[PDB]
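Novice: Attaching a single structure in C-alpha cells format; questions to follow.
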Amino acid sequence: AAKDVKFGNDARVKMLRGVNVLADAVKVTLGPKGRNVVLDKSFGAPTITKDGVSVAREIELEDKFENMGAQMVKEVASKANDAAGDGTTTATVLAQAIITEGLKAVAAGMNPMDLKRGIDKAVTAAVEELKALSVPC
Amino acid sequence: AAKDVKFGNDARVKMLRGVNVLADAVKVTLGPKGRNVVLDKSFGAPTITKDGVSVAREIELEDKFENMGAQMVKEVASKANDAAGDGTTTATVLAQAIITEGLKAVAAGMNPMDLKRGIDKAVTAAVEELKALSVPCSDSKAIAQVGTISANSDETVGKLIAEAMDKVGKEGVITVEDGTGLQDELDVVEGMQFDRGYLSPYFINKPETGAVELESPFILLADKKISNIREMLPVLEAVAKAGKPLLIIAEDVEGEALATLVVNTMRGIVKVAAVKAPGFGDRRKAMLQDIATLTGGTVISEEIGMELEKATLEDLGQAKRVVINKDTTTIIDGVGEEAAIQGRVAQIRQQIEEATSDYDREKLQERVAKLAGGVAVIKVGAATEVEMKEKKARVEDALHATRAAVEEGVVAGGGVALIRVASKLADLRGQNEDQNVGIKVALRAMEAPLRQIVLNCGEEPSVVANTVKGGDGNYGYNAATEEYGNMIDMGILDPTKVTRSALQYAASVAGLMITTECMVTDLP
Amino acid sequence: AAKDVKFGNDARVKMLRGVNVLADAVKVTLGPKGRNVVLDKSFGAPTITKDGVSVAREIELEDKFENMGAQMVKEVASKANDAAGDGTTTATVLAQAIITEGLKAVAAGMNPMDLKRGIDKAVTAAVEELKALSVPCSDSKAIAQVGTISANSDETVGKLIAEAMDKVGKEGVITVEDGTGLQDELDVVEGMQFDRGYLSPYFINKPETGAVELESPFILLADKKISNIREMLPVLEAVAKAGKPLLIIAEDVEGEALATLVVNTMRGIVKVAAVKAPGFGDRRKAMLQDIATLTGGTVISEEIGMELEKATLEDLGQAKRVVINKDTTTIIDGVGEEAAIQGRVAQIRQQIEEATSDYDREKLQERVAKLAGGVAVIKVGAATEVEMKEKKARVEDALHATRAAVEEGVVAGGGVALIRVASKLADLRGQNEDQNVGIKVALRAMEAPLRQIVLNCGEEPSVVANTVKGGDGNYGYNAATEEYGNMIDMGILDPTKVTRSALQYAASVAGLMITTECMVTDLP
Amino acid sequence: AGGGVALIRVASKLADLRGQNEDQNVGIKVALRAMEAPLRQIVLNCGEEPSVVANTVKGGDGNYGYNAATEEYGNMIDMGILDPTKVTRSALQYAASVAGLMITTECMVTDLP
Ligand SMILES: Nc1ncnc2c1ncn2[C@@H]1O[C@H](COP(=O)(O)OP(=O)(O)O)[C@@H](O)[C@H]1O
Ligand SMILES: [Mg+2]
C-alpha cells in the first residue's frame with residue numbers, strides 16, 4: 001500500500017508520543033504503591049492487572065507513527081518477561097527514560113550513533129557493576 | 001476587549017512563524033548582489049526594491065501572535081539602525097538565526113533560562129573580539145576615507161565630511177541642504193540641536209526620511225504645558241497671514257491643543273508642528289533662553305504673568321531652517337544678533353566661574369557648546385536636480401557611518417567581522433550543557449549574514465564561509481567582486497558600532513522570546 | 001493592513017499568470033493585420049479595437065500578485081512609449097517572451113542571477129547590432145521621407161515636418177493645432193518649452209492625449225512654494241471674471257492650495273492648471289524671468305516683498321496657447337514685446353561673455369535658445385472637421401517617429417530588426433551554462449514580434465521567420481502585403497530608438513522578476 | 001578507495017571525455033558531476049559542508065580522502081576504508097542504466113485516482 005514517510009524531528013516526536021503513551025500506561029503500576037490498570041476484553045469481563053507486560057501488549061495507537069514507537073518499546077517490556085518473568089514494568093521505565101534523554105540530545109545536534117555507543121558501553125559497564133553487587137540468595 | 005491567550009510552544013511557535021516571514025522576506029536583499037522584493041502599491045504600479053528597511057516597513061501579518069513575533073523583531077531591528085545608522089537588515093537576519101535554533105532547543109527539552117545565558121555570554125565575548133578587530137577612525141584621513149567609501153567611491157564626498165568635522169569638530173553638528181547651483185558649499189552658521197522628537201508623526205513632511213523640514217518658520221518659546229488651543233489664536237493667526245510655517249517649544253502639548261494642530265496640519269491651512277523643550281526643571285529655564293537668544297525670540301514665562309494670547313511675532317524667534325526626526329530637533333541659522341548671542345556666551349562663561357560641581361561646570365559647559373558651537377551646513381552641488389537630490393542622499397548616508405566609524409572605529413563589512421569573532425571563541429564553554437548549546441546557537445548564528453550574502457549572490461555559502469574562517473584579521477571575501485582579501489583595504493567595512501548594535505539587538509530580542517511563556521492579544 | 005506574502009515560485013508563478021493575461025490579451029493586436037479585442041463599456045455599447053495601448057490600459061486582474069505581475073509590465077512598457085513614441089505593445093510582447101522561458105529555467109533548477117546576466121549581455125549586444133543596421137535620417141529628404149511614411153503614405157505630411165525642422169531646426173520646438181480652414185499652416189512665433197509636467201492629471205482636458213491645451217490664458221510667475229490658497233483669491237477672482245484660463249509657474253504647490261484647484265477645475269468654476277518652474281536654485285531665478293519677458297508677465301519675488309495677494313492681471317503674462325503633458329510644458333506665442341524679448345537676449349548674450357565656464361556658457365546659451373529660438377506651429381487643414389482632427393492625429397504621430405528617426409535613425413519595422421540582430425549573434429556564449437541559456441532565451445525572445453505578426457495575419461510563423469533569417473540587412477517580410485523585400489524601401493520601419501527602448505525595457509522588467517524572491521500585498 | 005573517492009577520482013580523469021554532439025557532452029558532464037554524490041551525501045550525514053570537503057578532496061590526488069569517522073583527511077587505503085571494486089562498479093552501472101532511461105520520459109500513463 002501507498003506509504004507515508006516521515007523524517008527527522010517530526011518522525012521522532014510522533015515516535016516518542018507513541019512510546020510515552022505505552023510507558024505512562026505501564027508506569028502507574030510500579031512499586032508497592034503501584035496501582036492497577038484495566039484491560040478491556042470483548043471476550044469476557046475486563047482484566048485488572050499490575051503486570052507491566054500484560055499492559056504493554058494491549059497498547060496500540062491510531063496514529064501509525066505514534067503507534068510504531070509504541071510497538072517497538074513494547075518489546076523490551078516483552079523480552080524482559082521471557083528472560084525472567086519479572087522486572088517488566090521496571091525495564092520499560094528505563095527505556096522511556098533513555099529515549100527521552102537520547103532524543104533530546106539528538107535534538108541537541110549530536111550524532112545519534114555515538115549516543116548509541118556511549119549508552120551501550122555505559123551499560124556493559126553497569127552490568128559488571130551489578131554482577132559485583134550480586135550476592136547469593 | 002476579550003483577549004486570545006497562548007502559552008509555551010503554542011505561543012512560541014506563532015512567534016517563530018511570525019518572525020520567519022519578516023526575515024525570509026527581508027533577508028533576500030542583503031548582499032551587494034541581493035535579490036529584489038515587490039511591494040504592491042494601492043494606487044498604480046507595484047514597487048520593486050532591494051531595500052530591506054522598506055520591505056520590513058511593509059510587513060504585517062494577519063495572524064496576530066505571528067504578527068507580534070514580527071513587530072517585536074522589526075522594533076528592535078529599527079532601534080539598531082536608530083542607534084548606528086544601519087544594520088536594520090542584518091540585525092533582523094541574525095535575530096532569526098538565533099531565535100530559530102534556540103527555539104528548537106527549548107522545544108527540544110533543553111532549559112530556556114540557560115540557553116539565553118549561554119548566548120548572552122557568546123555575544124558579550126564576541127562584542128569584545130570586535131573591539132579588538134576594530135580599526136580606529138580618527139585622523140581626517142580615515143574620516144574622508146570611510147566617508148568617500150560609504151559614499152560609494154566618490155572621494156569628493158568623504159572629503160567635505162572630514163572637512164566638516166574638521167570645523168565644528170567630530171561632535172560638531174552637521175546638516176545637509178540641497179545645492180543652489182552646481183557647486184558644493186560648506187558653511188558654519190549660528191544654530192543649534194538637541195535630543196527631543198516631534199510630538200506627532202503626522203508632522204513629517206519628508207516621508208522617506210520620517211523627518212520634518214521647515215522653511216525659515218517663526219519660533220515659539222513658551223514656558224508652560226500647552227493643553228488648550230485658545231492661547232494660540234492671536235499668534236496662530238498672525239503667522240497664518242504671515243504665510244510662513246511655525247515651530248514651538250514648551251513644557252508639552254495636550255491633544256486638546258495637540259490633536260488639533262496635527263489635523264490642522266495634515267491637510268490643513270497653517271501647517272506647523274512642535275516639540276518638547278530640552279532639560280527638565282531648573283535646567284530647561286536657561287536652556288530655552290539660550291534658544292531665544294539665538295533665534296532672537298521672546299520667552300513667554302507664566303512666571304512673569306506673560307501669556308500666549310498676549311504675544312505677537314515680535315516675540316517669536318526665527319531661523320532659516322529646522323528639521324525634526326523621531327527623536328531629535330535641530331535648527332539652522334538663528335536670526336539673533338551676534339551681539340546678543342556672543343553676549344549671552346559671556347554670561348554663561350562667567351557663570352561657569354562657580355564651577356561648584358563637575359556636573360554643573362560640565363552642564364553650563366554643554367550649553368555654551370550648543371549656543372556658541374554653531375551648526376555646520378552642506379549644500380550638495382549637482383548638475384541635474386536628480387543627481388542633486390540623489391547625491392544629497394548618499395551624503396547623509398556616509399555622514400552616518402562616519403560618525404559611527406569615528407565613535408568605535410570600523411571592521412570587515414561583508415558579514416566578515418562576525419565570521420571572524422565566531423571562529424575565534426569556538427571553544428568557549430558554559431556550565432549547563434544547556435548553556436553550551438546556548439553559546440553554539442549564538443556563534444553559529446553569526447555566520448548568518450555572510451552565508452546569506454553568498455547565497456544572494458548565487459554562490460556556495462558553506463564553501464566561501466569555510467575559506468574565510470581559514471584566513472585571519474580583516475581577511476574576507478568580497479561578494480561584489482568574488483575576490484577574497486582585506487575587506488577593509490578592498491573598501492568593504494562596517495562601523496564597529498553598528499555591527500555590535502545589530503548583533504546585540506538581535507541577541508536581545510532572541511532570548512527575550514526564548515524566555516517568553518505567554519502572549520495576549522485581541523480576538524480575530 | 002495585514003499583508004499576504006508569497007515567495008519563490010508561489011510568488012513567481014503568480015507573477016507569470018499575471019503577465020501572460022496582459023500579454024495574451026494585448027499581443028493579438030500587433031500586426032498591421034491584428035485581430036481585435038472588445039472593451040466593455042459601463043454605459044452603452046462595448047468597444048472594439050486593435051490598439052494594444054488601449055487594451056493594456058484596461059487590464060487589471062483580481063488575483064493581487066498576478067495583477068502585480070501585469071501592472072509591473074504595463075508600467076515599463078508604458079515608459080517605453082513614454083521615451084520613444086511607440087513600442088508600448090511590442091515591449092510587452094517581448095517582456096512575456098523572455099519572462100516565460102527564463103522563468104521556466106529558474107524553476108527548472110538553473111541559477112537566476114546568471115540567467116539575467118546572460119540576457120542583459122544578449123540585449124547589450126543586440127542593441128549595438130541595431131546601431132549598425134540603423135539607417136541614418138538627416139537630410140530634409142530622409143525627414144519628409146520617414147514622415148510621409150509614418151503619416152501613412154500622405155506625402156503632404158512628411159513634407160511640412162521636414163519644413164518645420166528646416167525652420168527652428170531638428171531640436172526645434174514644433175506643435176500642432178487644428179486648422180482654421182482647408183489649408184495647412186506652418187508659422188513660427190515667440191514661444192518656449194521646458195521639461196516640467198503638470199501637478200495633477202485631473203488637469204488634462206484632452207483625454208486621448210493625456211494633455212492640457214489652454215486657450216490664451218493668463219500666466220502666473222511667482223517665486224515661492226504655494227501651499228495656502230489665500231494668496232490667489234485676488235488674482236484667481238480677477239481671472240474668474242476675466243473669463244479666461246490661467247496657468248501657474250513657481251517652486252511648487254501643496255495640496256492645501258493644490259488639491260483645491262484640482263477639484264476647483266474638475267467640474268468647477270474657474271478651470272486652470274499649473275507646473276513647477278524649470279531649473280533649480282540660482283538657475284530658476286533668471287529662467288522664470290526669461291519666461292516673464294516672453295509673456296509680458298510680472299515675476300513675483302518674495303525676495304522683493306511683493307506678495308501674491310499683492311498682484312493684478314497687469315502682473316500676469318500671456319500667450320495664445322499652451323499645452324502640458326505628463327512631464328512637459330510648452331507655451332505658444334507669448335505677448336512679450338519684441339523690443340523686450342529681443343533686448344533680454346542681448347542681455348543674456350553679453351552675459352555669455354564671462355565664458356568663465358563651458359557649463360555656465362552652455363547654460364546661458366541654452367536659455368538664449370529657448371527664448372530667442374521660438375516655437376514652430378502647424379495647423380492641420382482639412383475639408384471635414386472629422387478628417388481635420390483625424391489627420392491632425394496622424395501628424396503628431398509622424399512627428400514623433402521622425403524626431404526619433406532623426407535621433408537614432410531607423411530600421412526594419414516588421415519585427416524584422418530583431419530577427420536580424422538575433423540571427424547575428426547566434427554563437428554568443430556565456431560563462432555559466434546558466435548564462436548561455438540566459439542568452440538563448442533573450443535571443444529566441446526577439447523572434448517574438450515577428451512571429452506574432454505573422455500569426456495574427458493567419459500566416460505560418462516558423463516559415464516566414466525562417467526565410468527572413470536567410471536574407472540579410474533590412475530584408476524582411478511585409479505582413480501587410482505578404483511580400484518580402486527591403487522593409488525600409490517598402491516603407492516598413494521603426495525609429496531605431498523605439499525598437500531599442502522596447503527591447504531594453506522588456507529585458508529590464510524580465511530579469512527584474514527573474515530575480516524577485518518575495519511579494520507583499522493586502523489581503524483579499 | 002572508499003568514501004566515494006574512487007568515483008570522484010575517476011571523474012577528474014574523464015574531464016576531457018566528449019561525445020558526438022553538445023547535448024551528449026552535457027550528458028557526460030552531468031554524469032561525472034553526479035559521481036560526487038556518494039561522497040558528499042556521506043559528509044552531509046555528518047552535518048558538514050559536502051561542498052567544502054569534496055573540494056579539498058578533489059584538490060588531492062590518488063587515495064587522498066576525507067575520513068568521515070575521524071573527521072580528517074588522508075589515505076583512504078592506509079586507513080582501511082576499502083570498497084570492493086565490484087560493488088562500486090555495479091552501483092554506478094545499475095544506477096545509470098535506469099536513470100538514463102528515466103530522464104527520457106516525455107509521457108506517462110497510469111490509472112485514475
Ligand atoms: N516495599 C518496597 N519499598 C520500595 N521499593 C520496593 C518495595 N517492594 C518492592 N520494591 C521495588 O519495586 C520494584 C518494582 O516492582 P514492580 O512494580 O513489580 O515492577 P516489575 O514488574 O518491574 O517488578 C521491585 O523490583 C523493587 O525494587
Ligand atoms: Mg514485579
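Residues are named by chain letter and number: chains run A, B, ... in the order of the C-alpha cells, numbers start at 1 in each chain, and ligands are numbered from 1 in the order shown.
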Quick check: residues of chain B within 10 Å of chain D, only C-alpha atoms, returned as number ranges by chain.

Specialist: B: 460-467

Novice: Export C-alpha atoms of the chosen residues as a PDB file, in the first residue's frame?

Specialist:
```pdb
ATOM      1  CA  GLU B 460      28.252  28.484  -2.349  1.00  0.00           C
ATOM      2  CA  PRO B 461      27.750  29.585   1.271  1.00  0.00           C
ATOM      3  CA  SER B 462      29.359  26.676   3.108  1.00  0.00           C
ATOM      4  CA  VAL B 463      32.382  26.998   0.826  1.00  0.00           C
ATOM      5  CA  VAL B 464      33.051  30.741   0.983  1.00  0.00           C
ATOM      6  CA  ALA B 465      32.349  30.676   4.720  1.00  0.00           C
ATOM      7  CA  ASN B 466      34.938  27.960   5.227  1.00  0.00           C
ATOM      8  CA  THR B 467      37.706  29.673   3.361  1.00  0.00           C
TER       9      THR B 467
END
```

Novice: Residues up to 9 Å from ligand 2, counting only C-alpha atoms and all ligand atoms: could you list those as a list in words?

Specialist: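 Result of the 9 Å neighbour search around ligand 2: residues 30, 31, 50, 51, 52, 85, 86, 87, 88, 89 and 90 of chain A.
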
Novice: Write out as number ranges by chain each polymer residue whose atoms come within 9 Å of range 78-81 of chain D, counting only C-alpha atoms; drop sequence neighbours fewer than 4 positions from it.

Specialist: D: 1-3, 63, 67, 74

Novice: Using only C-alpha atoms, determine which residues lie at most 10 Å from residue 111 in chain B, disregarding the query and same-chain residues fewer than 2 positions distant; provide the list as a CSV table (one decimal) with N, CA, C and O atoms, in the first residue's frame.

Specialist:
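See part-v1.csv below for the written result:
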```csv
chain,number,residue,atom,x,y,z
B,102,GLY,N,17.8,28.3,19.0
B,102,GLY,CA,17.5,28.4,20.4
B,102,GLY,C,16.0,28.0,20.7
B,102,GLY,O,15.7,27.4,21.7
B,105,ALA,N,15.7,24.2,20.5
B,105,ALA,CA,16.2,23.7,21.8
B,105,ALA,C,15.2,23.7,22.9
B,105,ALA,O,14.9,22.6,23.5
B,106,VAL,N,14.7,24.9,23.2
B,106,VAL,CA,13.7,25.0,24.3
B,106,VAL,C,12.7,23.9,24.0
B,106,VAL,O,12.5,23.0,24.8
B,107,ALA,N,12.1,23.9,22.8
B,107,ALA,CA,11.1,22.9,22.4
B,107,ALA,C,11.7,21.5,22.4
B,107,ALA,O,10.9,20.5,22.4
B,108,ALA,N,13.0,21.3,22.3
B,108,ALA,CA,13.6,20.0,22.3
B,108,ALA,C,13.7,19.4,23.7
B,108,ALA,O,13.8,18.2,23.8
B,109,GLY,N,13.5,20.2,24.7
B,109,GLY,CA,13.6,19.8,26.1
B,109,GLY,C,14.6,20.5,26.9
B,109,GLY,O,14.6,20.4,28.1
B,113,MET,N,16.2,29.3,30.3
B,113,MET,CA,16.9,30.2,31.1
B,113,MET,C,18.4,30.2,30.8
B,113,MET,O,19.1,31.2,30.7
B,114,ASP,N,19.0,29.0,30.7
B,114,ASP,CA,20.4,28.8,30.4
B,114,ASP,C,20.7,29.2,28.9
B,114,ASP,O,21.6,29.9,28.7
B,115,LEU,N,19.9,28.6,28.0
B,115,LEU,CA,20.1,28.9,26.6
B,115,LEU,C,20.3,30.4,26.5
B,115,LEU,O,21.3,30.8,25.9
B,116,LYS,N,19.5,31.2,27.0
B,116,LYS,CA,19.6,32.6,26.9
B,116,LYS,C,21.0,33.0,27.5
B,116,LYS,O,21.9,33.5,26.7
B,432,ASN,N,25.9,24.7,32.5
B,432,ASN,CA,24.9,23.8,32.0
B,432,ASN,C,25.2,23.5,30.5
B,432,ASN,O,25.6,24.4,29.8
B,433,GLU,N,25.1,22.3,30.1
B,433,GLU,CA,25.3,21.9,28.7
B,433,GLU,C,24.3,22.7,28.0
B,433,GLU,O,24.6,23.2,26.8
B,434,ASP,N,23.2,23.0,28.6
B,434,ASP,CA,22.1,23.8,28.0
B,434,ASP,C,22.6,25.2,27.8
B,434,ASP,O,22.0,26.0,27.1
B,435,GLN,N,23.8,25.5,28.2
B,435,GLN,CA,24.4,26.8,28.0
B,435,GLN,C,25.3,26.7,26.8
B,435,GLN,O,25.4,27.7,26.1
B,438,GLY,N,23.5,27.0,24.1
B,438,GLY,CA,23.2,28.4,24.0
B,438,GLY,C,24.2,29.1,23.3
B,438,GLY,O,24.0,29.9,22.4
B,514,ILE,N,12.8,33.5,23.7
B,514,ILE,CA,13.2,32.3,24.3
B,514,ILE,C,12.8,32.2,25.8
B,514,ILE,O,12.8,31.1,26.3
B,515,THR,N,12.5,33.3,26.3
B,515,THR,CA,12.1,33.4,27.7
B,515,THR,C,10.6,33.8,27.9
B,515,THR,O,10.1,33.9,29.0
```

Novice: Report, in Å to a single decimal, how far apart CA of residue 269 in chain B and CA of residue 294 in chain B are.

Specialist: 28.3 Å

Novice: What is the distance between CA of residue 405 in chain B and CA of residue 497 in chain B, in Å to one decimal?

Specialist: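 So the two atoms, CA of residue 405 in chain B and CA of residue 497 in chain B, lie 7.1 Å apart.
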
Novice: If DSSP is run on the backbone, what residues of chain D are strand (DSSP E or B)? A reply as a VMD selection string would be ideal.

Specialist: chain D and resid 64 to 67 72 to 75

Novice: Write out as a list in words which residues come within 6 Å of residue 333 in chain B when counting only C-alpha atoms, dropping same-chain ones fewer than 2 positions away.

Specialist: residues 189, 190, 191, 319 and 320 of chain B

Novice: Could those residues be written to a file, using N, CA and C atoms, as a short mmCIF file (atom, residue, chain, number, x, y, z; two decimals), in the first residue's frame?

Specialist:
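For reference, part_4.cif as written:
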```cif
data_model
loop_
_atom_site.label_atom_id
_atom_site.label_comp_id
_atom_site.auth_asym_id
_atom_site.auth_seq_id
_atom_site.Cartn_x
_atom_site.Cartn_y
_atom_site.Cartn_z
N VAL B 189 27.26 78.37 10.58
CA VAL B 189 26.36 79.45 10.97
C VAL B 189 25.73 79.25 12.34
N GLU B 190 25.33 80.35 12.98
CA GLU B 190 24.68 80.28 14.28
C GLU B 190 23.52 79.30 14.17
N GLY B 191 23.51 78.29 15.04
CA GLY B 191 22.44 77.31 15.01
C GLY B 191 22.53 76.43 16.24
N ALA B 319 14.62 81.25 12.26
CA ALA B 319 15.78 80.53 11.75
C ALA B 319 15.46 80.24 10.30
N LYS B 320 16.48 80.11 9.47
CA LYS B 320 16.27 79.86 8.05
C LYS B 320 15.77 78.44 7.75
#
```

Novice: Neighbours of range 166-173 of chain B within 10 Å (only C-alpha atoms; same-chain residues fewer than 5 positions away dropped), as a list in words?

Specialist: residues 138, 139, 140, 143, 160, 161, 186, 187, 188, 191, 192, 193, 194, 330, 369, 370, 373, 374, 375, 376, 377, 402, 403, 406 and 407 of chain B

Novice: Quick one: everything within 10 Å of residue 97 in chain C, counting only C-alpha atoms, minus sequence neighbours fewer than 2 positions away in the same chain. Send it as a ChimeraX atom specification.

Specialist: /C:20,23,91-95,99-102,441-449,506-507,510

Novice: Please tabulate, as a tab-separated table, the residues of chain B that come within 8 Å of chain C, each with its closest pair of atoms and the distance in Å to one decimal, counting only C-alpha atoms and ordering rows by chain, then residue number upward.

Specialist:
```
residue	atom	partner	partner_atom	distance
B:21	CA	C:5	CA	7.9
B:25	CA	C:518	CA	6.0
B:28	CA	C:517	CA	7.0
B:35	CA	C:515	CA	5.4
B:36	CA	C:516	CA	4.8
B:37	CA	C:518	CA	4.8
B:38	CA	C:519	CA	4.7
B:39	CA	C:520	CA	5.2
B:40	CA	C:521	CA	5.2
B:41	CA	C:521	CA	7.7
B:44	CA	C:71	CA	7.6
B:45	CA	C:71	CA	5.4
B:46	CA	C:68	CA	6.2
B:58	CA	C:520	CA	7.8
B:59	CA	C:3	CA	6.7
B:60	CA	C:2	CA	4.8
B:61	CA	C:2	CA	4.9
B:62	CA	C:2	CA	4.9
B:179	CA	C:281	CA	7.3
B:180	CA	C:281	CA	4.2
B:181	CA	C:282	CA	5.9
B:243	CA	C:228	CA	7.5
B:267	CA	C:256	CA	6.2
B:268	CA	C:256	CA	6.2
B:269	CA	C:228	CA	6.1
B:270	CA	C:228	CA	7.6
B:385	CA	C:280	CA	6.6
B:457	CA	C:113	CA	7.1
B:458	CA	C:113	CA	6.3
```

Novice: Using DSSP on the backbone coordinates, identify the residues of chain A assigned to alpha helix (DSSP H); present them as a PyMOL selection string.

Specialist: chain A and resi 8-27+52-58+64-84+88-107+112-133

Novice: By how many Å are CA of residue 99 in chain D and CA of residue 15 in chain D apart?

Specialist: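 We find that CA of residue 99 in chain D and CA of residue 15 in chain D lie 21.0 Å from each other.
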